[PDB]
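J.: Submitted below is the structure of interest, expressed as structure tokens.
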Amino acid sequence: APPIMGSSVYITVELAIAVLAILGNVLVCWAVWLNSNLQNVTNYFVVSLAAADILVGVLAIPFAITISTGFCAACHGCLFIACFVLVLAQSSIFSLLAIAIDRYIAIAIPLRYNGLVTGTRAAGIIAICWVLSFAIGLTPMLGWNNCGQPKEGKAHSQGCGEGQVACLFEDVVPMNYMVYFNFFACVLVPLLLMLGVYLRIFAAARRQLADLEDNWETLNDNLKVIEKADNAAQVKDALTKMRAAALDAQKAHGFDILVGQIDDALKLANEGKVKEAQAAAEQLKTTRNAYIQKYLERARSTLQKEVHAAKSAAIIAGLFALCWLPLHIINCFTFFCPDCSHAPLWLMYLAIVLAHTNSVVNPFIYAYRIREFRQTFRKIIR
Ligand SMILES: CC(C)CCC[C@@H](C)[C@H]1CC[C@H]2[C@@H]3CC=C4C[C@@H](O)CC[C@]4(C)[C@H]3CC[C@]12C
Ligand SMILES: CC(C)CCC[C@@H](C)[C@H]1CC[C@H]2[C@@H]3CC=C4C[C@@H](O)CC[C@]4(C)[C@H]3CC[C@]12C
Ligand SMILES: CC(C)CCC[C@@H](C)[C@H]1CC[C@H]2[C@@H]3CC=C4C[C@@H](O)CC[C@]4(C)[C@H]3CC[C@]12C
Ligand SMILES: Nc1nc(NCCc2ccc(O)cc2)nc2nc(-c3ccco3)nn12
Ligand SMILES: CCCCCCCC/C=C\CCCCCCCC(=O)O
Ligand SMILES: CCCCCCCC/C=C\CCCCCCCC(=O)O
Ligand SMILES: CCCCCCCC/C=C\CCCCCCCC(=O)O
Ligand code: NA
């Protein structure tokens, strides 16, 4: 029963989280700094996210411990302590959304990617996102707060001085802000947009892969057609099919040998020399073994690497949602069901701890899923 015992557990757990969030995310920043292979726009958003998680350990967690005491404070000071974590969560959402878009450009418009997506533009986007996060997270300080309706019975019972309140989250931060503005508009909508981006990434990868396969099968089918010695009409028609595919494959080294060899055979076939056109087409089986098989396999593995990277990013976004959703959902109960008894205090604190735990997990996901990070972590730890 004595409040200090339960508080001791919660504070201890918070501090353990803070240590881990600081240490793992410092390692992330260190790895990007040290390894030029990791210096790319995608990972500038990774660093912005790690910076947000570092600040969860250095500031948000000390603020959360502080506000759990209900200490007397000027209400607007209390608001800052209460809301600063919403800045960090918002910055995390922007960084996650940026990463998802980045991976979409990369898989969907790779020709243009490095042209569109530069480190200087990325740095500007990150600055903007941080500014917007401050404005979203600290909106209660602009007047959308309960500071005009203080709980004077709590204030008095705690001994607070004139004009102070007991600094408690749900006393000062309006739930309509938390539910409608923060959760629905600022969190859930970005998360649904993120989900839509990832679904478009995986559909674009699957489509490009199937086209690689279709274009390859077309080459091989049209060859068997030619060997089914029909008319010059046939050979011609199969070679035209092959040439088109060959450009879809190229347009999308030895493609010149390939298209030349097709053109050579097309001339023979357009001149009614079926057997020499057939003989001419058989040289294709060699250019295909020596060049086109190789281009296909490399294109396949480049794709898979990008699917792999996109899944890693999606995992991080999904873990952000898992960790933060319980708090938002509880707030919905508090707001929408005044007839419901309030979620109990142990559960509130469990949900807070769970949200903070999100700031620990990304460095593990990078180490398990991204060899360049893992390898750089290892060398740093030495
Ligand atoms: C660069 C970093 C380390 C700066 C951190 C500054 C933090 C700790 C400062 C900045 C603003 C400060 C708050 C400003 C106003 C008040 C109201 C007062 O009645 C109680 C203290 C309280 C709630 C302060 C607590 C400490 C505070 C949150
Ligand atoms: C440490 C370097 C990098 C930055 C400087 C941070 C300084 C200015 C911060 C760190 C901790 C802060 C203090 C934390 C707590 C309180 C109690 C509050 O009732 C009044 C403000 C006061 C006294 C803060 C004043 C500003 C403060 C001293
Ligand atoms: C892990 C993620 C994906 C889902 C988590 C769902 C959690 C947050 C849900 C599942 C069951 C829910 C509880 C069901 C019943 C009540 C009683 C009500 O008087 C207050 C809210 C409270 C206590 C709910 C709080 C939120 C709750 C704990
Ligand atoms: N509802 C809520 N409460 C708290 N702390 C107060 C927990 C509490 C709730 C009731 C009470 O009588 C005493 C303490 N922090 C909170 N943080 C958040 C939050 C951040 C992001 C989404 O929700 N919600 N939230
Ligand atoms: C009292 C709270 C305010 C004082 C504490 C410091 C506030 C820090 C605010 C914003 C930090 C933004 C850092 C973003 C790092 C970007 C990483 C990158 O360059 O890719
Ligand atoms: C961030 C690096 C700089 C060092 C941080 C400064 C250290 C401040 C840490 C804790 C502040 C403790 C405030 C509580 C004491 C006041 C209690 C009271 O008498 O009412
Ligand atoms: C290397 C140091 C790492 C830890 C730094 C922690 C910085 C402390 C940040 C916020 C503490 C805020 C506590 C406010 C106490 C208010 C007390 C009062 O108003 O009476
Ligand atoms: Na985060």
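To be explicit about the labels: the chains of the structure tokens are called A, B, and onward in the order shown, and within each one the residues are counted from 1, while ligands get numbers from 1 in the order they are shown.
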What's around range 45-55 of chain A at 7 Å? Count only C-alpha atoms, leave out sequence neighbours fewer than 6 positions away in its own chain, and write the answer as an MDAnalysis selection string.
T.: chainID A and resid 21:22 25 28:29 88 91:92 95 99 359
J.: Once you have the residues from the selection above, write them out as a PDB file, in the first residue's frame, restricted to C-alpha atoms.
T.:
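This went into again_6.pdb:
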ATOM      1  CA  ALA A  21      17.616   3.477 -24.787  1.00  0.00           C
ATOM      2  CA  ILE A  22      20.598   5.824 -24.416  1.00  0.00           C
ATOM      3  CA  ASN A  25      20.782   4.495 -29.781  1.00  0.00           C
ATOM      4  CA  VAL A  28      23.333   3.507 -33.760  1.00  0.00           C
ATOM      5  CA  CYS A  29      24.500   7.138 -34.196  1.00  0.00           C
ATOM      6  CA  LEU A  88       9.399  12.830 -29.415  1.00  0.00           C
ATOM      7  CA  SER A  91       9.191  13.150 -34.473  1.00  0.00           C
ATOM      8  CA  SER A  92       9.427   9.361 -34.469  1.00  0.00           C
ATOM      9  CA  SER A  95      10.915   9.737 -39.310  1.00  0.00           C
ATOM     10  CA  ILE A  99      11.715   6.019 -44.220  1.00  0.00           C
ATOM     11  CA  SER A 359      13.045   3.429 -27.493  1.00  0.00           C
TER      12      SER A 359
END
J.: List the neighbours of range 106-111 of chain A out to 9 Å using only C-alpha atoms; skip same-chain residues closer than 2 positions along the sequence, and give me the result as a list in words.
T.: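 Contacts, with the query itself left out: residues 101, 102, 103, 104, 113, 114, 115, 201, 204, 205, 303, 306 and 307 of chain A.
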J.: Store the residues picked out above in a file with N, CA and C atoms, as a tab-separated table (two decimals), in the first residue's frame.
T.:
chain	number	residue	atom	x	y	z
A	101	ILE	N	8.50	6.30	-47.22
A	101	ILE	CA	8.45	6.96	-48.51
A	101	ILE	C	9.78	6.76	-49.22
A	102	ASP	N	10.87	6.92	-48.50
A	102	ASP	CA	12.19	6.73	-49.10
A	102	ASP	C	12.32	5.37	-49.78
A	103	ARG	N	11.91	4.31	-49.08
A	103	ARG	CA	11.99	2.96	-49.64
A	103	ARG	C	11.04	2.78	-50.82
A	104	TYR	N	9.93	3.51	-50.81
A	104	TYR	CA	9.01	3.44	-51.93
A	104	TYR	C	9.61	4.09	-53.18
A	113	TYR	N	15.69	8.03	-58.17
A	113	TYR	CA	15.85	8.12	-56.72
A	113	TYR	C	17.00	9.02	-56.30
A	114	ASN	N	18.23	8.59	-56.59
A	114	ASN	CA	19.41	9.35	-56.19
A	114	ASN	C	19.33	10.79	-56.67
A	115	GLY	N	18.58	11.04	-57.74
A	115	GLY	CA	18.36	12.38	-58.20
A	115	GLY	C	17.38	13.14	-57.34
A	201	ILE	N	4.83	-0.79	-51.60
A	201	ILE	CA	6.19	-1.26	-51.81
A	201	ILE	C	6.20	-2.74	-52.14
A	204	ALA	N	4.73	-3.49	-55.53
A	204	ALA	CA	5.62	-3.08	-56.60
A	204	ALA	C	6.80	-4.04	-56.75
A	205	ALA	N	7.34	-4.56	-55.64
A	205	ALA	CA	8.42	-5.55	-55.71
A	205	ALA	C	7.92	-6.84	-56.35
A	303	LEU	N	16.36	-6.89	-56.05
A	303	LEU	CA	14.98	-6.78	-55.61
A	303	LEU	C	14.82	-7.34	-54.21
A	306	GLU	N	16.09	-5.27	-51.51
A	306	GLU	CA	15.19	-4.16	-51.22
A	306	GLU	C	13.93	-4.59	-50.50
A	307	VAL	N	13.38	-5.77	-50.82
A	307	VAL	CA	12.27	-6.26	-50.02
A	307	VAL	C	12.74	-6.49	-48.60
J.: Got a sec: who's within 8 Å of range 214-219 of chain A, counting only C-alpha atoms, leaving out chain neighbours fewer than 5 positions off, as a compact mmCIF listing (two decimals) with N, CA, C and O atoms, in the first residue's frame?
T.:
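Result file follows (result.txt):
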# COMPACT_ATOMS: atom_id res chain seq x y z
N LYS A 241 8.34 -11.17 -80.93
CA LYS A 241 8.04 -11.37 -79.51
C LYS A 241 9.31 -11.31 -78.67
O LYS A 241 9.34 -10.66 -77.61
N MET A 242 10.38 -11.97 -79.12
CA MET A 242 11.61 -11.99 -78.33
C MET A 242 12.23 -10.60 -78.21
O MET A 242 12.69 -10.21 -77.13
N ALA A 245 10.43 -8.35 -75.64
CA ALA A 245 10.82 -8.76 -74.29
C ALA A 245 12.23 -8.30 -73.97
O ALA A 245 12.51 -7.81 -72.87
N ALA A 246 13.13 -8.45 -74.95
CA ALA A 246 14.53 -8.10 -74.76
C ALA A 246 14.70 -6.62 -74.44
O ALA A 246 15.60 -6.25 -73.67
N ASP A 248 12.10 -4.68 -73.07
CA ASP A 248 11.50 -4.58 -71.74
C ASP A 248 12.49 -5.00 -70.67
O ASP A 248 12.51 -4.43 -69.57
N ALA A 249 13.33 -5.99 -70.97
CA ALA A 249 14.33 -6.45 -70.01
C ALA A 249 15.51 -5.49 -69.92
O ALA A 249 15.97 -5.16 -68.82
N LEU A 296 19.46 -11.46 -65.08
CA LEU A 296 18.25 -11.84 -64.36
C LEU A 296 18.55 -12.13 -62.89
O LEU A 296 17.91 -11.57 -62.00
J.: If the limit is 6 Å from any atom of ligand 4, counting only C-alpha atoms and all ligand atoms, which residues qualify? Return them as a list in words.
T.: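 My answer, listing the contacting residues, is residues 169, 170, 327, 328, 331 and 348 of chain A.
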J.: Write out as a compact mmCIF listing (two decimals) with N, CA and C atoms, in the first residue's frame the residues lying within 8 Å of residue 41 in chain A, counting only C-alpha atoms and excluding same-chain residues fewer than 3 positions away.
T.:
# COMPACT_ATOMS: atom_id res chain seq x y z
N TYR A 44 19.93 8.72 -42.42
CA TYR A 44 19.73 9.99 -41.73
C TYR A 44 18.40 10.03 -40.99
N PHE A 45 17.35 9.41 -41.54
CA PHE A 45 16.10 9.30 -40.78
C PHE A 45 16.25 8.32 -39.63
N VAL A 117 16.33 12.34 -54.16
CA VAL A 117 16.42 12.16 -52.71
C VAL A 117 17.87 12.35 -52.29
N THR A 118 18.21 13.56 -51.86
CA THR A 118 19.57 13.95 -51.54
C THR A 118 19.71 14.16 -50.05
N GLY A 119 20.95 14.09 -49.58
CA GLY A 119 21.20 14.29 -48.16
C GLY A 119 20.83 15.68 -47.69
N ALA A 122 17.20 15.83 -47.42
CA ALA A 122 16.82 15.02 -46.27
C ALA A 122 17.03 15.79 -44.97
J.: Please provide as an MDAnalysis selection string all residues within 10 Å of range 372-374 of chain A, with the sequence filter that same-chain residues fewer than 2 positions apart are discarded (counting only C-alpha atoms).
T.: chainID A and resid 27:28 31:32 35 37:38 363:370 376:380
J.: Keeping only C-alpha atoms, write those residues as a PDB file, in the first residue's frame.
T.:
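The file below, selection.pdb, is the result:
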ATOM      1  CA  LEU A  27      25.643   2.967 -30.771  1.00  0.00           C
ATOM      2  CA  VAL A  28      23.333   3.507 -33.760  1.00  0.00           C
ATOM      3  CA  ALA A  31      27.826   3.387 -36.428  1.00  0.00           C
ATOM      4  CA  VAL A  32      26.394   5.807 -39.009  1.00  0.00           C
ATOM      5  CA  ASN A  35      30.844   3.914 -41.525  1.00  0.00           C
ATOM      6  CA  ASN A  37      28.528   2.634 -46.195  1.00  0.00           C
ATOM      7  CA  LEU A  38      25.797   3.640 -43.698  1.00  0.00           C
ATOM      8  CA  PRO A 363      19.095  -1.076 -32.235  1.00  0.00           C
ATOM      9  CA  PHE A 364      18.344  -4.798 -31.881  1.00  0.00           C
ATOM     10  CA  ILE A 365      16.305  -4.844 -35.050  1.00  0.00           C
ATOM     11  CA  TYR A 366      19.139  -3.163 -36.927  1.00  0.00           C
ATOM     12  CA  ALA A 367      21.636  -5.646 -35.558  1.00  0.00           C
ATOM     13  CA  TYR A 368      19.540  -8.714 -36.374  1.00  0.00           C
ATOM     14  CA  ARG A 369      18.451  -7.499 -39.806  1.00  0.00           C
ATOM     15  CA  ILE A 370      21.111  -5.230 -41.329  1.00  0.00           C
ATOM     16  CA  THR A 376      29.784  -1.976 -37.578  1.00  0.00           C
ATOM     17  CA  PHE A 377      28.371  -2.536 -34.088  1.00  0.00           C
ATOM     18  CA  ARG A 378      30.748  -5.465 -33.633  1.00  0.00           C
ATOM     19  CA  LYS A 379      33.825  -3.446 -34.601  1.00  0.00           C
ATOM     20  CA  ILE A 380      32.843  -0.570 -32.297  1.00  0.00           C
TER      21      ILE A 380
END
J.: In terms of the shortest atom-to-atom distance over only C-alpha atoms, which of A:333, A:237, A:18, A:344 is closest to residue 176 in chain A?
T.: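 When distances to residue 176 in chain A are compared using only C-alpha atoms, the smallest one comes from A:333.
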J.: Which one of A:20, A:136, A:323, A:4 sits closest to residue 185 in chain A if you count only C-alpha atoms?
T.: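 Distance minimum relative to residue 185 in chain A lands on A:136.
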J.: Name all residues at most 7 Å from residue 14 in chain A (count only C-alpha atoms; drop same-chain ones fewer than 4 positions away) and give them as a list in words.
T.: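 What passes the distance filter is residues 10, 18, 61 and 353 of chain A.
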J.: For residue 171 in chain A, list every protein, DNA or RNA residue within 8 Å, evaluated using only C-alpha atoms, and leave out those in the same chain fewer than 2 positions away; present the list as a PyMOL selection string.
T.: chain A and resi 146+150-151+167-169+173-174
J.: Next, the residues of the selection above should be written as an mmCIF file, in the first residue's frame with C-alpha atoms.
T.:
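What landed in result.cif:
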data_model
loop_
_atom_site.group_PDB
_atom_site.id
_atom_site.type_symbol
_atom_site.label_atom_id
_atom_site.label_comp_id
_atom_site.auth_asym_id
_atom_site.auth_seq_id
_atom_site.Cartn_x
_atom_site.Cartn_y
_atom_site.Cartn_z
ATOM 1 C CA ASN A 146 -7.059 22.427 -18.412
ATOM 2 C CA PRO A 150 -7.453 23.580 -11.906
ATOM 3 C CA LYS A 151 -8.298 20.913 -9.344
ATOM 4 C CA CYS A 167 1.114 18.202 -11.765
ATOM 5 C CA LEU A 168 -0.783 15.146 -13.034
ATOM 6 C CA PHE A 169 -1.085 14.236 -16.667
ATOM 7 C CA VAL A 173 -3.764 17.695 -20.643
ATOM 8 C CA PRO A 174 -7.262 17.542 -22.155
#
